[PDB]
RNA sequence: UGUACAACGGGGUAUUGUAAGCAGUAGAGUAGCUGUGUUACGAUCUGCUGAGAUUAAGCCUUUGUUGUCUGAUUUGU
RNA sequence: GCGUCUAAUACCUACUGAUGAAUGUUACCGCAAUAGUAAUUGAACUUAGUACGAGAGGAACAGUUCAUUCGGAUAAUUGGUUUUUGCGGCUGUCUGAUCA
RNA sequence: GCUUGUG
């Protein structure tokens, strides 16, 4: 099983959900619920839609770049199985979830300061 | 249409009684021939398909399964049957004297108006020095050749706006009927867990009333739906437990998310008690009582002997085009919002 | 041969996905399968070239559909579809007549036709 | 297929064909009619029955004609073979009779269809239908002898050898069963007896073998002394594009003298001497050497008691007919013994293991313990691949111990300052 | 060493399996006899692993590589990659390659020392192949066919080039690879030798339909004996 | 007359998509005061604002507010 | 029994549906005389390149895996489908002006 | 108390 961010909305694409498009350019475009796929069919730019993650990241509504983003890179070269490595990765992911939540909360607080 | 299922009249009652029971033997331990449950929505399942000779051997297969609530069932009585030229005849019935309020309500159409005298006199009679019950048990044991145990579902443990319990007879598949009544003595007022009867990878058949529609237009008008239907070769994928976490977890996913979809099931509540997961669909809509049985026959085929390898269970919100599996994941992906602060 | 979503109508014209000199295929037969008949990805169908060199015109030849363009449920759950209908021409034994196949090639079709996969440069 | 004719359908005996056709037309066509039926309805009923019977007869005759090949147009060699096995004129007569019977049946059916339309009574139409059916039956019965002849010739044509005269081949010839029968029995899988009596073989036995990966076929001549067998052998020697291997006997085998063999060879010499002849022999030998004087014949003494030498003769005949940075090999490969399919000590292949467990059917093989690891004790792992909605493969990598420490240090460098406020 | 085999009554051996001087890969088809066919001629000398690419039985033509390492297309799932790594010795490198196309086996024709790829292949793909596999990369085509990987086959002892390859092209390829090259057919006149058969420095596998002349030509060109 | 139920409200899940209004240096274009030269009008843009609205008439939950719990008839070995 | 390029294309009664007096009342459970009855055809690895066969060609059962047709069911994912006339925008456009 | 295959 694999999970990929929607090409349009960047939302997670769980197995058996959404739809995929194979244009003549021969690359996989993963899509979330129909709404965004139909929006893509209209050639709408996700970087300009107010309600999509791409615009928010580009517009700076949420933290555009963070150190935590580099830890979620899909490794290309395979790695030999190791139970200790699996457990350490699970612990690291558990800690990274909390760290990312804290950083996102801090960024949101630093963005809502304009309400004062 | 199929002439076999004609006539297409409506079912006699919401609950479809078991037409036949699995063959009986006098060597195996006593066990329940069938169990009662309630249809609870549907969900997707993805797992590796270990099947010799198949094109997708050792591959991943995505398929849909239904979820049926199966709260622990409690025994309330036993019915004995003697053999006669005119078929089986019920000679006597017994009760445990501790009938719950739910089963008492089943005998009344207007509970609040009633004085609630369901088993007061019977309860007093049972409270004698065993003469009024031991004699009946001995008579049942002496003559009865097959023993059926009366049980009902704990409706109070189900998120349904119905206090009325469902009472149906359950047959025993063996046990040297002397030992059948001995086991019944040891199970009066007790509850039988789902895991103590059924198990994963076991092939079972389901009998229930399918979705009804009403008047509908053999080139003639008539009733459509709401008929008893039996579906066989239904594989049990996951056996749920209502006394532990990780109900929806797997050795692969190993997440602490419950099987209940985000926001709850559509037109149904939340599954917290014991539940059963079977591939395909059962002929019955949501909030519908269903019964399970072991196919009435010994299934030695590969589809039966094969062992499931559940990898991941979908729990996204069936309410609309749900995408997030757990509230924590949604919060992490979406982040804090004006609602939080 | 696992079931896939059909939808190709009889008489449909699909682009020729090989450099054999043809550009379209006129499907007139659903040979190899048992009501309104229809073709599907990976199915061998006899067709006649409508647009192309005169040599290939008016003669029925076998063809294999490499693209359907209609949404179908893959056995792995993920739904996918192509941009347009396409097919390739080959002999009844599966030997690809075209030297090379162009455009996307269905994974399900390539798996069931090893010769097509060999001559197919773009799987999926 | 020009080299075989086993596809011919079996011919139906005189009575069998008529009975089969009558039953077929009776079963398919309607059967119940009444005198009160409309005249047009009875007309259509009888016309349909007669037409169906006629079409059945025509189809049977056409199938018989199509199956049986035209002797003239098959091949000169096959034509001569058939003319030796049968009579060309008689066979053509039978074919013409079949064609004429089919044409007469067609004409009678058409005429009766054109005639029955003017009947008045039901019995008149019934009598006309009986007339057509009886005419067809009489026409069929007139072919009682040719039908049997066709059946007999079909029963034999289907078992004739399918030789290809165009491809390279070798012919063995000589006096009846001088020993060439043993030569054929040892040069090819073909099993032929070598009994001492003259005509041990009564047909052109054929066998195939491969030399230098080139396909070769050999034909065993029954014998040469006129007779039909002798004519067939002569035609096979002449028409076939094959060399002829004459057989002789230095011993008393077959009870024939060398002089008789020499005389026969000289008598038949003119029509095969130019085909690259070879002579095999199983103080009169001086006269036998006179054959060496012929430019195109060579002789080599031998015997059937040492039939292991047939390979040398085969090789000679085939040659005469035709003339007319270091690699990376692991040391393990160069050390492991080659697998022996029958050695009791041979390693048990995965095929045997699967068969013992139940084969590729009821039993499914497992890949556990097959993959290498640092430790084999913990081989049993599930590889969750997912955790809290995040793919493990996006985090499964070495050195994570230092990355986690660095991340914790970075978090500590901000928690103390309360930057998250 | 030359052996005749068929995978589930299929003649295309080079499609259902990938074989090299250091490892061998076969499909996961229900017919295990295909694995036993390779085991008989190889045994435990080199690892033989059941594997697939995106669940396909065409792993042979979906992947390309040499003794130094193996390459897989983007369609290969991470689970398949980790299974291959676990089942493949660490001495052999594994590296996923991303391209518009997916058929790496048809697009890359290479041996233990040289590689021939699609002229318009990804720019970084040539560097990745040179690094992981340690072989030269040449943007060239043989027999006027774009799919060099399937049409042609290369090894260290020799190479069976397309039967229609010109004499000049054969001479140039032999001078570049420093190994003999001869044009011929396989699998009873099958022009796509690479898909029909696989070959290494010490073993050759061909379809059952392969006629005796084709087997002799394969033995001679690769100098097995 | 109590895990009783109804109507609202809150929370959970979803559809759509950034609201009425406020302030601004971001500001087409017109006027004045000849080089954001300056200031009024002012198409739009920016932050509040993944904000606002809907949310069961056949979704889930309920601790919060609040109301109800008695109207006639029939049935006998 | 089942189909008929594929293995092959030789004005009232009846009706399905739904009420309904009855026997001491009501209610729960169960048996079944009875009327109907269903699955269907092919391919795919085996066994096989074995038996057979000079060759060309090429068996079958036990077991396993798939698809067509016909029937009973489900919206778990996708499409259809919208008086949720839900949301946002827009056209003519009125409440004097702007929201609504 | 008609009808069905051999001029």
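Following Swiss-Prot, chain B shows residues 12-228, 264-387, kept in their order.
Header lists the method as electron microscopy, 3.9 Å.
Every residue, even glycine, has its Cβ placed from backbone N, Cα and C.
For residue B:39 (ubiquitin cross-link), applying a Cβ distance below 8 Å and a minimum sequence separation of six or more within one chain yields B:184, B:185, B:186. For B:39 (among others), the entry in Swiss-Prot reads ubiquitin cross-link, with the evidence type a large-scale study or a structure entry.
In the three-state DSSP classification, residue B:136 (ubiquitin cross-link) falls within a helix. Listed in sequence order, B:143 are the same-chain residues at least 6 apart in sequence whose CB falls under 8 Å from the CB of residue B:136 (ubiquitin cross-link). Look at Swiss-Prot and you will find B:136 (among others) tagged as ubiquitin cross-link, backed by a large-scale study or a structure entry.
Shown in sequence order, the list is empty: the chain has no residue 6+ apart in sequence with a C-beta less than 8 angstroms from the C-beta of residue B:24 (phosphoserine). According to Swiss-Prot, the feature phosphoserine maps to B:24 (among others).
Listed in sequence order, B:90, B:91, B:147, B:150, B:151 are the same-chain residues six or more apart from residue B:103 (phosphothreonine) with CB atoms under 8 A from its CB. Reduced to three states, the DSSP call for residue B:103 (phosphothreonine) is strand. According to Swiss-Prot, the feature phosphothreonine maps to B:103, an assignment based on a large-scale study or a structure entry.
Sequence annotations record features per position, and here Swiss-Prot assigns phosphoserine to B:156 (among others) based on a large-scale study or a structure entry. The local packing around residue B:156 (phosphoserine), expressed as other Cβ atoms within 10 Å of its Cβ over all shown chains, amounts to 11.
Annotation source Swiss-Prot lists phosphoserine at B:297 (among others), citing a large-scale study or a structure entry. All protein chains shown were included, and the count of other CB atoms within 10 Å of the CB of residue B:297 (phosphoserine) stands at 12.
Looking at residue B:156 (phosphoserine) and residue B:297 (phosphoserine), their Cα atoms lie 45 Å from each other.
Proximity to chain D, defined as a C-beta distance under 8 Å, is registered for the following recorded positions out of B:24, B:39, B:103, B:136, B:156, B:297: B:297.
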